[PDB]
file run03.cif (mmCIF, N, CA and C atoms)
data_work
#
loop_
_atom_site.group_PDB
_atom_site.id
_atom_site.type_symbol
_atom_site.label_atom_id
_atom_site.label_comp_id
_atom_site.auth_asym_id
_atom_site.auth_seq_id
_atom_site.Cartn_x
_atom_site.Cartn_y
_atom_site.Cartn_z
ATOM 1 N N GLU A 265 0.823 -1.201 0.000
ATOM 2 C CA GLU A 265 0.000 0.000 0.000
ATOM 3 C C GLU A 265 0.861 1.257 0.000
ATOM 4 N N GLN A 266 0.618 2.134 -0.974
ATOM 5 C CA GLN A 266 1.210 3.467 -0.998
ATOM 6 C C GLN A 266 0.267 4.492 -0.375
ATOM 7 N N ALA A 267 -0.944 4.593 -0.905
ATOM 8 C CA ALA A 267 -2.023 5.409 -0.381
ATOM 9 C C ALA A 267 -3.196 4.505 -0.020
ATOM 10 N N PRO A 268 -4.073 4.936 0.890
ATOM 11 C CA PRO A 268 -5.212 4.085 1.273
ATOM 12 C C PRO A 268 -6.074 3.738 0.068
ATOM 13 N N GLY A 269 -6.082 2.452 -0.282
ATOM 14 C CA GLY A 269 -6.809 1.960 -1.431
ATOM 15 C C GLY A 269 -5.971 1.725 -2.670
ATOM 16 N N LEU A 270 -4.686 2.082 -2.648
ATOM 17 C CA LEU A 270 -3.805 1.918 -3.797
ATOM 18 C C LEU A 270 -2.540 1.184 -3.375
ATOM 19 N N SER A 271 -2.097 0.246 -4.213
ATOM 20 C CA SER A 271 -0.916 -0.555 -3.923
ATOM 21 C C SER A 271 -0.063 -0.698 -5.177
ATOM 22 N N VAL A 272 1.241 -0.878 -4.968
ATOM 23 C CA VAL A 272 2.202 -1.115 -6.040
ATOM 24 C C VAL A 272 2.993 -2.372 -5.703
ATOM 25 N N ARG A 273 3.114 -3.280 -6.674
ATOM 26 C CA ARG A 273 3.829 -4.534 -6.487
ATOM 27 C C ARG A 273 4.766 -4.787 -7.660
ATOM 28 N N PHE A 274 5.978 -5.246 -7.350
ATOM 29 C CA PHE A 274 6.961 -5.591 -8.371
ATOM 30 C C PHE A 274 6.688 -6.996 -8.897
ATOM 31 N N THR A 275 6.726 -7.155 -10.221
ATOM 32 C CA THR A 275 6.357 -8.415 -10.853
ATOM 33 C C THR A 275 7.528 -9.207 -11.420
ATOM 34 N N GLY A 276 8.583 -8.550 -11.894
ATOM 35 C CA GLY A 276 9.751 -9.248 -12.384
ATOM 36 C C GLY A 276 10.286 -8.614 -13.652
ATOM 37 N N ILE A 277 11.219 -9.323 -14.290
ATOM 38 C CA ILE A 277 11.906 -8.864 -15.492
ATOM 39 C C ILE A 277 11.674 -9.888 -16.596
ATOM 40 N N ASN A 278 11.522 -9.407 -17.831
ATOM 41 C CA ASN A 278 10.910 -10.163 -18.922
ATOM 42 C C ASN A 278 11.881 -10.472 -20.065
ATOM 43 N N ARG A 279 13.117 -10.860 -19.733
ATOM 44 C CA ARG A 279 14.094 -11.356 -20.705
ATOM 45 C C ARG A 279 14.607 -10.261 -21.634
ATOM 46 N N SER A 280 14.049 -9.056 -21.520
ATOM 47 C CA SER A 280 14.513 -7.900 -22.278
ATOM 48 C C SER A 280 15.071 -6.818 -21.362
ATOM 49 N N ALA A 281 15.400 -7.177 -20.119
ATOM 50 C CA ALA A 281 15.900 -6.234 -19.117
ATOM 51 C C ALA A 281 14.906 -5.100 -18.877
ATOM 52 N N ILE A 282 13.618 -5.436 -18.890
ATOM 53 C CA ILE A 282 12.544 -4.488 -18.619
ATOM 54 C C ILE A 282 11.770 -4.992 -17.410
ATOM 55 N N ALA A 283 11.696 -4.169 -16.369
ATOM 56 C CA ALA A 283 10.951 -4.508 -15.167
ATOM 57 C C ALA A 283 9.521 -3.992 -15.267
ATOM 58 N N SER A 284 8.614 -4.666 -14.565
ATOM 59 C CA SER A 284 7.205 -4.307 -14.576
ATOM 60 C C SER A 284 6.696 -4.138 -13.152
ATOM 61 N N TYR A 285 5.708 -3.260 -13.002
ATOM 62 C CA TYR A 285 5.070 -2.988 -11.723
ATOM 63 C C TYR A 285 3.561 -3.036 -11.894
ATOM 64 N N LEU A 286 2.876 -3.545 -10.876
ATOM 65 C CA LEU A 286 1.422 -3.619 -10.869
ATOM 66 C C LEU A 286 0.879 -2.560 -9.920
ATOM 67 N N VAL A 287 0.069 -1.648 -10.453
ATOM 68 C CA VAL A 287 -0.561 -0.587 -9.674
ATOM 69 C C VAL A 287 -2.064 -0.817 -9.723
ATOM 70 N N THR A 288 -2.682 -0.963 -8.552
ATOM 71 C CA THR A 288 -4.087 -1.328 -8.448
ATOM 72 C C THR A 288 -4.806 -0.409 -7.470
ATOM 73 N N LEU A 289 -6.066 -0.110 -7.786
ATOM 74 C CA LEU A 289 -6.942 0.649 -6.907
ATOM 75 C C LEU A 289 -8.340 0.051 -6.953
ATOM 76 N N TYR A 290 -8.983 -0.032 -5.790
ATOM 77 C CA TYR A 290 -10.343 -0.544 -5.666
ATOM 78 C C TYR A 290 -11.237 0.550 -5.104
ATOM 79 N N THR A 291 -12.396 0.746 -5.727
ATOM 80 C CA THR A 291 -13.299 1.808 -5.315
ATOM 81 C C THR A 291 -14.732 1.428 -5.656
ATOM 82 N N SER A 292 -15.666 2.079 -4.968
ATOM 83 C CA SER A 292 -17.090 1.929 -5.232
ATOM 84 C C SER A 292 -17.811 3.112 -4.603
ATOM 85 N N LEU A 293 -19.104 3.221 -4.899
ATOM 86 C CA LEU A 293 -19.925 4.309 -4.384
ATOM 87 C C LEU A 293 -21.268 3.757 -3.932
ATOM 88 N N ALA A 294 -21.700 4.155 -2.737
ATOM 89 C CA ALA A 294 -22.940 3.680 -2.143
ATOM 90 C C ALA A 294 -23.847 4.853 -1.801
ATOM 91 N N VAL A 295 -25.134 4.699 -2.095
ATOM 92 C CA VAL A 295 -26.156 5.683 -1.756
ATOM 93 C C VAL A 295 -27.037 5.063 -0.678
ATOM 94 N N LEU A 296 -27.017 5.650 0.521
ATOM 95 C CA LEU A 296 -27.751 5.066 1.641
ATOM 96 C C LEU A 296 -29.253 5.288 1.506
ATOM 97 N N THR A 297 -29.666 6.481 1.080
ATOM 98 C CA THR A 297 -31.072 6.793 0.874
ATOM 99 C C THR A 297 -31.256 7.447 -0.488
ATOM 100 N N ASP A 298 -32.418 7.195 -1.099
ATOM 101 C CA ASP A 298 -32.666 7.675 -2.456
ATOM 102 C C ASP A 298 -32.704 9.197 -2.528
ATOM 103 N N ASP A 299 -33.179 9.858 -1.472
ATOM 104 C CA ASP A 299 -33.345 11.306 -1.469
ATOM 105 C C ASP A 299 -32.047 12.065 -1.186
ATOM 106 N N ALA A 300 -30.899 11.396 -1.237
ATOM 107 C CA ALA A 300 -29.607 12.043 -1.045
ATOM 108 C C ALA A 300 -28.941 12.444 -2.355
ATOM 109 N N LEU A 301 -29.592 12.214 -3.493
ATOM 110 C CA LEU A 301 -28.990 12.489 -4.789
ATOM 111 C C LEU A 301 -30.078 12.866 -5.784
ATOM 112 N N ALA A 302 -29.801 13.889 -6.592
ATOM 113 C CA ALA A 302 -30.722 14.321 -7.632
ATOM 114 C C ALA A 302 -29.922 14.841 -8.817
ATOM 115 N N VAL A 303 -30.549 14.811 -9.990
ATOM 116 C CA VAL A 303 -29.900 15.172 -11.245
ATOM 117 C C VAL A 303 -30.813 16.112 -12.021
ATOM 118 N N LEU A 304 -30.250 17.215 -12.509
ATOM 119 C CA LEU A 304 -30.939 18.117 -13.425
ATOM 120 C C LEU A 304 -30.383 17.891 -14.827
ATOM 121 N N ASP A 305 -31.267 17.599 -15.775
ATOM 122 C CA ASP A 305 -30.881 17.181 -17.113
ATOM 123 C C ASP A 305 -31.289 18.231 -18.141
ATOM 124 N N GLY A 306 -30.737 18.093 -19.342
ATOM 125 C CA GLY A 306 -31.042 18.998 -20.438
ATOM 126 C C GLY A 306 -30.565 20.420 -20.238
ATOM 127 N N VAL A 307 -29.340 20.598 -19.753
ATOM 128 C CA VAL A 307 -28.807 21.917 -19.436
ATOM 129 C C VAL A 307 -28.023 22.428 -20.641
ATOM 130 N N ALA A 308 -28.591 23.399 -21.352
ATOM 131 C CA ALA A 308 -27.900 24.029 -22.469
ATOM 132 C C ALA A 308 -26.847 25.003 -21.954
ATOM 133 N N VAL A 309 -25.708 25.058 -22.643
ATOM 134 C CA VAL A 309 -24.589 25.876 -22.190
ATOM 135 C C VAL A 309 -24.102 26.800 -23.299
ATOM 136 N N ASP A 310 -24.926 27.004 -24.329
ATOM 137 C CA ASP A 310 -24.524 27.801 -25.483
ATOM 138 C C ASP A 310 -25.539 28.894 -25.806
ATOM 139 N N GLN A 311 -26.236 29.409 -24.796
ATOM 140 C CA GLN A 311 -27.213 30.474 -24.981
ATOM 141 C C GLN A 311 -26.684 31.778 -24.397
ATOM 142 N N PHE A 312 -26.921 32.878 -25.112
ATOM 143 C CA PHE A 312 -26.430 34.193 -24.728
ATOM 144 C C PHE A 312 -27.552 35.214 -24.838
ATOM 145 N N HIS A 313 -27.500 36.226 -23.976
ATOM 146 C CA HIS A 313 -28.501 37.280 -23.944
ATOM 147 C C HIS A 313 -27.995 38.522 -24.675
ATOM 148 N N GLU A 314 -28.900 39.478 -24.864
ATOM 149 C CA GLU A 314 -28.604 40.726 -25.551
ATOM 150 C C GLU A 314 -28.899 41.900 -24.628
ATOM 151 N N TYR A 315 -28.081 42.948 -24.733
ATOM 152 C CA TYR A 315 -28.215 44.153 -23.913
ATOM 153 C C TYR A 315 -28.177 45.366 -24.838
ATOM 154 N N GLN A 316 -29.350 45.812 -25.276
ATOM 155 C CA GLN A 316 -29.453 47.010 -26.102
ATOM 156 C C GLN A 316 -29.787 48.230 -25.250
ATOM 157 N N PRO B 54 46.911 -30.360 1.000
ATOM 158 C CA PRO B 54 46.525 -31.597 1.687
ATOM 159 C C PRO B 54 45.335 -32.270 1.019
ATOM 160 N N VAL B 55 45.341 -33.600 1.052
ATOM 161 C CA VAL B 55 44.240 -34.419 0.558
ATOM 162 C C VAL B 55 43.720 -35.231 1.735
ATOM 163 N N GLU B 56 42.420 -35.106 2.019
ATOM 164 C CA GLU B 56 41.882 -35.659 3.259
ATOM 165 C C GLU B 56 41.772 -37.180 3.225
ATOM 166 N N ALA B 57 41.514 -37.775 2.057
ATOM 167 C CA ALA B 57 41.345 -39.222 1.996
ATOM 168 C C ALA B 57 42.020 -39.829 0.772
ATOM 169 N N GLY B 58 43.102 -39.221 0.295
ATOM 170 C CA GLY B 58 43.909 -39.816 -0.747
ATOM 171 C C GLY B 58 43.379 -39.681 -2.158
ATOM 172 N N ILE B 59 42.244 -39.014 -2.358
ATOM 173 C CA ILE B 59 41.665 -38.828 -3.684
ATOM 174 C C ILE B 59 41.502 -37.337 -3.931
ATOM 175 N N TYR B 60 41.974 -36.874 -5.086
ATOM 176 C CA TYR B 60 41.895 -35.469 -5.469
ATOM 177 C C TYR B 60 41.207 -35.381 -6.822
ATOM 178 N N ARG B 61 40.108 -34.633 -6.883
ATOM 179 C CA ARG B 61 39.319 -34.480 -8.098
ATOM 180 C C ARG B 61 39.424 -33.042 -8.585
ATOM 181 N N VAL B 62 39.802 -32.870 -9.847
ATOM 182 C CA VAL B 62 39.941 -31.556 -10.463
ATOM 183 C C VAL B 62 38.750 -31.344 -11.390
ATOM 184 N N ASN B 63 37.855 -30.437 -11.009
ATOM 185 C CA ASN B 63 36.683 -30.115 -11.811
ATOM 186 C C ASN B 63 37.016 -29.007 -12.801
ATOM 187 N N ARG B 64 36.565 -29.178 -14.042
ATOM 188 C CA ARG B 64 36.913 -28.273 -15.127
ATOM 189 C C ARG B 64 35.671 -27.879 -15.912
ATOM 190 N N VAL B 65 35.691 -26.653 -16.428
ATOM 191 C CA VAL B 65 34.623 -26.147 -17.282
ATOM 192 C C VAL B 65 34.838 -26.650 -18.704
ATOM 193 N N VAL B 66 33.759 -27.084 -19.352
ATOM 194 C CA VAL B 66 33.802 -27.549 -20.733
ATOM 195 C C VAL B 66 33.141 -26.508 -21.624
ATOM 196 N N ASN B 67 33.686 -26.342 -22.827
ATOM 197 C CA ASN B 67 33.173 -25.408 -23.823
ATOM 198 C C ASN B 67 33.020 -23.984 -23.278
ATOM 199 N N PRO B 68 34.118 -23.341 -22.869
ATOM 200 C CA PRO B 68 34.008 -21.961 -22.372
ATOM 201 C C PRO B 68 33.559 -20.971 -23.431
ATOM 202 N N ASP B 69 33.682 -21.313 -24.714
ATOM 203 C CA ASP B 69 33.281 -20.425 -25.796
ATOM 204 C C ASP B 69 31.774 -20.387 -26.009
ATOM 205 N N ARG B 70 31.020 -21.263 -25.350
ATOM 206 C CA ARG B 70 29.576 -21.327 -25.522
ATOM 207 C C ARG B 70 28.819 -20.463 -24.523
ATOM 208 N N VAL B 71 29.518 -19.728 -23.665
ATOM 209 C CA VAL B 71 28.874 -18.747 -22.800
ATOM 210 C C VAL B 71 28.688 -17.466 -23.602
ATOM 211 N N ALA B 72 27.437 -17.055 -23.781
ATOM 212 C CA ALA B 72 27.096 -15.945 -24.661
ATOM 213 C C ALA B 72 26.892 -14.675 -23.848
ATOM 214 N N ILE B 73 27.559 -13.603 -24.267
ATOM 215 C CA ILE B 73 27.419 -12.289 -23.658
ATOM 216 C C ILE B 73 27.012 -11.307 -24.746
ATOM 217 N N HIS B 74 26.305 -10.254 -24.345
ATOM 218 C CA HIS B 74 25.892 -9.196 -25.256
ATOM 219 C C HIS B 74 26.548 -7.889 -24.838
ATOM 220 N N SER B 75 27.164 -7.207 -25.798
ATOM 221 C CA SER B 75 27.754 -5.897 -25.580
ATOM 222 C C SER B 75 27.282 -4.958 -26.678
ATOM 223 N N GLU B 76 26.877 -3.756 -26.286
ATOM 224 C CA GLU B 76 26.353 -2.771 -27.218
ATOM 225 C C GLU B 76 27.440 -1.776 -27.601
ATOM 226 N N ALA B 77 27.466 -1.405 -28.879
ATOM 227 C CA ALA B 77 28.411 -0.411 -29.370
ATOM 228 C C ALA B 77 27.843 0.999 -29.267
ATOM 229 N N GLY B 78 26.543 1.149 -29.502
ATOM 230 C CA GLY B 78 25.893 2.441 -29.406
ATOM 231 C C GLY B 78 24.400 2.363 -29.648
ATOM 232 N N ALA B 79 23.642 3.275 -29.032
ATOM 233 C CA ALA B 79 22.195 3.386 -29.227
ATOM 234 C C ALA B 79 21.494 2.069 -28.879
ATOM 235 N N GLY B 80 21.572 1.731 -27.593
ATOM 236 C CA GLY B 80 21.013 0.474 -27.128
ATOM 237 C C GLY B 80 19.535 0.348 -27.444
ATOM 238 N N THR B 81 19.108 -0.891 -27.659
ATOM 239 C CA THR B 81 17.759 -1.217 -28.100
ATOM 240 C C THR B 81 17.060 -2.070 -27.041
ATOM 241 N N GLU B 82 15.880 -2.574 -27.394
ATOM 242 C CA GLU B 82 15.054 -3.386 -26.510
ATOM 243 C C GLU B 82 14.969 -4.821 -27.016
ATOM 244 N N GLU B 83 16.093 -5.351 -27.492
ATOM 245 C CA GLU B 83 16.143 -6.717 -27.984
ATOM 246 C C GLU B 83 16.313 -7.701 -26.826
ATOM 247 N N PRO B 84 15.844 -8.938 -26.991
ATOM 248 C CA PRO B 84 15.994 -9.930 -25.919
ATOM 249 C C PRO B 84 17.456 -10.266 -25.662
ATOM 250 N N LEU B 85 17.766 -10.542 -24.395
ATOM 251 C CA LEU B 85 19.117 -10.889 -23.983
ATOM 252 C C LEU B 85 19.370 -12.386 -24.159
ATOM 253 N N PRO B 86 20.624 -12.782 -24.375
ATOM 254 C CA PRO B 86 20.941 -14.212 -24.431
ATOM 255 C C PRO B 86 20.829 -14.867 -23.064
ATOM 256 N N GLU B 87 20.480 -16.152 -23.077
ATOM 257 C CA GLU B 87 20.383 -16.968 -21.874
ATOM 258 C C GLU B 87 21.396 -18.100 -21.966
ATOM 259 N N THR B 88 22.212 -18.262 -20.924
ATOM 260 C CA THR B 88 23.305 -19.227 -20.958
ATOM 261 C C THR B 88 23.540 -19.797 -19.564
ATOM 262 N N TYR B 89 24.467 -20.750 -19.496
ATOM 263 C CA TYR B 89 24.911 -21.353 -18.248
ATOM 264 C C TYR B 89 26.345 -21.830 -18.441
ATOM 265 N N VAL B 90 26.962 -22.273 -17.349
ATOM 266 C CA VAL B 90 28.327 -22.789 -17.370
ATOM 267 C C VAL B 90 28.272 -24.300 -17.192
ATOM 268 N N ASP B 91 28.864 -25.027 -18.135
ATOM 269 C CA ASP B 91 28.836 -26.481 -18.147
ATOM 270 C C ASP B 91 30.130 -27.052 -17.578
ATOM 271 N N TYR B 92 30.010 -28.204 -16.924
ATOM 272 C CA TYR B 92 31.133 -28.895 -16.311
ATOM 273 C C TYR B 92 31.400 -30.212 -17.030
ATOM 274 N N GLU B 93 32.609 -30.733 -16.832
ATOM 275 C CA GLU B 93 32.973 -32.035 -17.372
ATOM 276 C C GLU B 93 32.392 -33.139 -16.498
ATOM 277 N N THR B 94 31.764 -34.123 -17.139
ATOM 278 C CA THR B 94 31.092 -35.198 -16.422
ATOM 279 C C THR B 94 32.039 -36.294 -15.952
ATOM 280 N N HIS B 95 33.267 -36.335 -16.463
ATOM 281 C CA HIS B 95 34.274 -37.308 -16.038
ATOM 282 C C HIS B 95 35.585 -36.585 -15.751
ATOM 283 N N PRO B 96 35.656 -35.847 -14.646
ATOM 284 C CA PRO B 96 36.901 -35.152 -14.303
ATOM 285 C C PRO B 96 38.008 -36.129 -13.934
ATOM 286 N N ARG B 97 39.242 -35.674 -14.134
ATOM 287 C CA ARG B 97 40.405 -36.463 -13.754
ATOM 288 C C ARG B 97 40.550 -36.508 -12.238
ATOM 289 N N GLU B 98 40.810 -37.704 -11.715
ATOM 290 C CA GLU B 98 40.973 -37.924 -10.285
ATOM 291 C C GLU B 98 42.389 -38.404 -10.005
ATOM 292 N N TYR B 99 43.028 -37.801 -9.007
ATOM 293 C CA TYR B 99 44.376 -38.162 -8.590
ATOM 294 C C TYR B 99 44.318 -38.905 -7.264
ATOM 295 N N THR B 100 44.999 -40.045 -7.197
ATOM 296 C CA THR B 100 45.146 -40.807 -5.967
ATOM 297 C C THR B 100 46.624 -40.920 -5.617
ATOM 298 N N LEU B 101 46.934 -40.731 -4.337
ATOM 299 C CA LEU B 101 48.319 -40.698 -3.887
ATOM 300 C C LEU B 101 48.982 -42.060 -4.055
ATOM 301 N N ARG B 102 50.259 -42.039 -4.429
ATOM 302 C CA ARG B 102 51.057 -43.242 -4.603
ATOM 303 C C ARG B 102 52.166 -43.275 -3.562
ATOM 304 N N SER B 103 52.610 -44.483 -3.229
ATOM 305 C CA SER B 103 53.498 -44.699 -2.097
ATOM 306 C C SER B 103 54.944 -44.870 -2.545
ATOM 307 N N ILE B 104 55.856 -44.308 -1.755
ATOM 308 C CA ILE B 104 57.289 -44.556 -1.862
ATOM 309 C C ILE B 104 57.744 -45.049 -0.496
ATOM 310 N N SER B 105 58.178 -46.306 -0.425
ATOM 311 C CA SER B 105 58.396 -46.937 0.870
ATOM 312 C C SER B 105 59.498 -47.981 0.774
ATOM 313 N N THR B 106 60.011 -48.364 1.942
ATOM 314 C CA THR B 106 61.047 -49.383 2.054
ATOM 315 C C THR B 106 61.047 -49.914 3.482
#

call {"tool": "encode", "arguments": {"input": "run03.cif", "output": "structure tokens"}}
result
Amino acid sequence: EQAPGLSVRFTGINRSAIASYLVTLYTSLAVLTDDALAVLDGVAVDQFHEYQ
Amino acid sequence: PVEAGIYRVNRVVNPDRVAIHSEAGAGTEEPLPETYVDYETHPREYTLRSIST
């Protein structure tokens, strides 16, 4: 473990004098109650107003 | 000294078959040679002889 949830392990050398390392991370996301998350959809970002 | 009257001389066979790689310039990612050192299966053995009277 380097950082919590991430690890680095040495694997060996592959007859070409090249070493390899394995870097792995495990993660997930949990929602305890349905009313803790909401999404607003269809948001246009290319509209502009005029000031005369 | 010889502990029990027998002396065995172990020798390497085919020293020219050990392969080494040396680069002249601009090293690459080519595979390296794989080798080992071989021994003689019937080495010469010396046993002490007596001079007595």

call {"tool": "resolve_selection", "arguments": {"input": "run03.cif", "expression": "the PyMOL selection byres ((chain B) within 6 of (chain A))", "output": "list in words"}}
result
residues 82, 83, 84 and 85 of chain B

call {"tool": "select_by_dssp", "arguments": {"input": "run03.cif", "residues": "chain A", "states": "strand (DSSP E or B)", "output": "PyMOL selection string"}}
result
chain A and resi 267+270-277+283-289

call {"tool": "atom_distance", "arguments": {"input": "run03.cif", "atom1": "atom N of residue B:71", "atom2": "atom N of residue B:86"}}
result
11.3 Å

call {"tool": "residues_around", "arguments": {"input": "run03.cif", "residues": "stretch 283-286 of chain A", "least_positions_apart": "3", "cutoff": "6.5 Å", "atoms": "only N, CA and C atoms", "output": "ChimeraX atom specification"}}
result
/A:271-278

call {"tool": "write_last_selection", "arguments": {"input": "run03.cif", "atoms": "N, CA and C atoms", "output": "mmCIF file, in the coordinates of the input"}}
result
data_model
loop_
_atom_site.group_PDB
_atom_site.id
_atom_site.type_symbol
_atom_site.label_atom_id
_atom_site.label_comp_id
_atom_site.auth_asym_id
_atom_site.auth_seq_id
_atom_site.Cartn_x
_atom_site.Cartn_y
_atom_site.Cartn_z
ATOM 1 N N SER A 271 -2.097 0.246 -4.213
ATOM 2 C CA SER A 271 -0.916 -0.555 -3.923
ATOM 3 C C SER A 271 -0.063 -0.698 -5.177
ATOM 4 N N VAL A 272 1.241 -0.878 -4.968
ATOM 5 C CA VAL A 272 2.202 -1.115 -6.040
ATOM 6 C C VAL A 272 2.993 -2.372 -5.703
ATOM 7 N N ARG A 273 3.114 -3.280 -6.674
ATOM 8 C CA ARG A 273 3.829 -4.534 -6.487
ATOM 9 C C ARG A 273 4.766 -4.787 -7.660
ATOM 10 N N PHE A 274 5.978 -5.246 -7.350
ATOM 11 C CA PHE A 274 6.961 -5.591 -8.371
ATOM 12 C C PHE A 274 6.688 -6.996 -8.897
ATOM 13 N N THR A 275 6.726 -7.155 -10.221
ATOM 14 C CA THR A 275 6.357 -8.415 -10.853
ATOM 15 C C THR A 275 7.528 -9.207 -11.420
ATOM 16 N N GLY A 276 8.583 -8.550 -11.894
ATOM 17 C CA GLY A 276 9.751 -9.248 -12.384
ATOM 18 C C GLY A 276 10.286 -8.614 -13.652
ATOM 19 N N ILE A 277 11.219 -9.323 -14.290
ATOM 20 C CA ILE A 277 11.906 -8.864 -15.492
ATOM 21 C C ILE A 277 11.674 -9.888 -16.596
ATOM 22 N N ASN A 278 11.522 -9.407 -17.831
ATOM 23 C CA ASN A 278 10.910 -10.163 -18.922
ATOM 24 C C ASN A 278 11.881 -10.472 -20.065
#

call {"tool": "residues_around", "arguments": {"input": "run03.cif", "residues": "residue B:56", "least_positions_apart": "3", "cutoff": "12 Å", "atoms": "only C-alpha atoms", "output": "MDAnalysis selection string"}}
result
chainID B and resid 59:61 100:101

call {"tool": "atom_distance", "arguments": {"input": "run03.cif", "atom1": "atom N of residue B:98", "atom2": "atom C of residue B:62"}}
result
6.7 Å

call {"tool": "atom_distance", "arguments": {"input": "run03.cif", "atom1": "atom N of residue A:293", "atom2": "atom N of residue A:309"}}
result
28.9 Å

call {"tool": "resolve_selection", "arguments": {"input": "run03.cif", "expression": "the PyMOL selection byres ((chain A and resi 289) around 6.5)", "output": "list in words"}}
result
residues 269, 270, 271, 287, 288, 290 and 291 of chain A

call {"tool": "residues_near_point", "arguments": {"input": "run03.cif", "point": "(38.7, -30.0, -14.1)", "cutoff": "7 Å", "atoms": "only C-alpha atoms", "output": "PDB file with N, CA and C atoms, keeping the file's coordinate frame"}}
result
ATOM      1  N   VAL B  62      39.802 -32.870  -9.847  1.00  0.00           N
ATOM      2  CA  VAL B  62      39.941 -31.556 -10.463  1.00  0.00           C
ATOM      3  C   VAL B  62      38.750 -31.344 -11.390  1.00  0.00           C
ATOM      4  N   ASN B  63      37.855 -30.437 -11.009  1.00  0.00           N
ATOM      5  CA  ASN B  63      36.683 -30.115 -11.811  1.00  0.00           C
ATOM      6  C   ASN B  63      37.016 -29.007 -12.801  1.00  0.00           C
ATOM      7  N   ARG B  64      36.565 -29.178 -14.042  1.00  0.00           N
ATOM      8  CA  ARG B  64      36.913 -28.273 -15.127  1.00  0.00           C
ATOM      9  C   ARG B  64      35.671 -27.879 -15.912  1.00  0.00           C
ATOM     10  N   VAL B  65      35.691 -26.653 -16.428  1.00  0.00           N
ATOM     11  CA  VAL B  65      34.623 -26.147 -17.282  1.00  0.00           C
ATOM     12  C   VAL B  65      34.838 -26.650 -18.704  1.00  0.00           C
ATOM     13  N   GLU B  93      32.609 -30.733 -16.832  1.00  0.00           N
ATOM     14  CA  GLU B  93      32.973 -32.035 -17.372  1.00  0.00           C
ATOM     15  C   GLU B  93      32.392 -33.139 -16.498  1.00  0.00           C
ATOM     16  N   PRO B  96      35.656 -35.847 -14.646  1.00  0.00           N
ATOM     17  CA  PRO B  96      36.901 -35.152 -14.303  1.00  0.00           C
ATOM     18  C   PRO B  96      38.008 -36.129 -13.934  1.00  0.00           C
ATOM     19  N   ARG B  97      39.242 -35.674 -14.134  1.00  0.00           N
ATOM     20  CA  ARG B  97      40.405 -36.463 -13.754  1.00  0.00           C
ATOM     21  C   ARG B  97      40.550 -36.508 -12.238  1.00  0.00           C
TER      22      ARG B  97
END

call {"tool": "resolve_selection", "arguments": {"input": "run03.cif", "expression": "the PyMOL selection byres ((chain B and resi 72) around 6.5)", "output": "MDAnalysis selection string"}}
result
chainID B and resid 69:71 73:74 86:89

call {"tool": "write_last_selection", "arguments": {"input": "run03.cif", "atoms": "N, CA and C atoms", "output": "mmCIF file, in the coordinates of the input"}}
result
data_model
loop_
_atom_site.group_PDB
_atom_site.id
_atom_site.type_symbol
_atom_site.label_atom_id
_atom_site.label_comp_id
_atom_site.auth_asym_id
_atom_site.auth_seq_id
_atom_site.Cartn_x
_atom_site.Cartn_y
_atom_site.Cartn_z
ATOM 1 N N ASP B 69 33.682 -21.313 -24.714
ATOM 2 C CA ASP B 69 33.281 -20.425 -25.796
ATOM 3 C C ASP B 69 31.774 -20.387 -26.009
ATOM 4 N N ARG B 70 31.020 -21.263 -25.350
ATOM 5 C CA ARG B 70 29.576 -21.327 -25.522
ATOM 6 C C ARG B 70 28.819 -20.463 -24.523
ATOM 7 N N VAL B 71 29.518 -19.728 -23.665
ATOM 8 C CA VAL B 71 28.874 -18.747 -22.800
ATOM 9 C C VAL B 71 28.688 -17.466 -23.602
ATOM 10 N N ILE B 73 27.559 -13.603 -24.267
ATOM 11 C CA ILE B 73 27.419 -12.289 -23.658
ATOM 12 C C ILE B 73 27.012 -11.307 -24.746
ATOM 13 N N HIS B 74 26.305 -10.254 -24.345
ATOM 14 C CA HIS B 74 25.892 -9.196 -25.256
ATOM 15 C C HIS B 74 26.548 -7.889 -24.838
ATOM 16 N N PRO B 86 20.624 -12.782 -24.375
ATOM 17 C CA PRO B 86 20.941 -14.212 -24.431
ATOM 18 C C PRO B 86 20.829 -14.867 -23.064
ATOM 19 N N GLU B 87 20.480 -16.152 -23.077
ATOM 20 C CA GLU B 87 20.383 -16.968 -21.874
ATOM 21 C C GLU B 87 21.396 -18.100 -21.966
ATOM 22 N N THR B 88 22.212 -18.262 -20.924
ATOM 23 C CA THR B 88 23.305 -19.227 -20.958
ATOM 24 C C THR B 88 23.540 -19.797 -19.564
ATOM 25 N N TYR B 89 24.467 -20.750 -19.496
ATOM 26 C CA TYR B 89 24.911 -21.353 -18.248
ATOM 27 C C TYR B 89 26.345 -21.830 -18.441
#

call {"tool": "decode", "arguments": {"input": "run03.cif", "residues": "stretch 63-81 of chain B", "atoms": "C-alpha atoms", "output": "short mmCIF file (atom, residue, chain, number, x, y, z; two decimals), in the first residue's frame"}}
result
data_model
loop_
_atom_site.label_atom_id
_atom_site.label_comp_id
_atom_site.auth_asym_id
_atom_site.auth_seq_id
_atom_site.Cartn_x
_atom_site.Cartn_y
_atom_site.Cartn_z
CA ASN B 63 36.68 -30.12 -11.81
CA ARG B 64 36.91 -28.27 -15.13
CA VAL B 65 34.62 -26.15 -17.28
CA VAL B 66 33.80 -27.55 -20.73
CA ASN B 67 33.17 -25.41 -23.82
CA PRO B 68 34.01 -21.96 -22.37
CA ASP B 69 33.28 -20.42 -25.80
CA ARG B 70 29.58 -21.33 -25.52
CA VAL B 71 28.87 -18.75 -22.80
CA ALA B 72 27.10 -15.95 -24.66
CA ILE B 73 27.42 -12.29 -23.66
CA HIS B 74 25.89 -9.20 -25.26
CA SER B 75 27.75 -5.90 -25.58
CA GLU B 76 26.35 -2.77 -27.22
CA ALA B 77 28.41 -0.41 -29.37
CA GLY B 78 25.89 2.44 -29.41
CA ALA B 79 22.20 3.39 -29.23
CA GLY B 80 21.01 0.47 -27.13
CA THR B 81 17.76 -1.22 -28.10
#
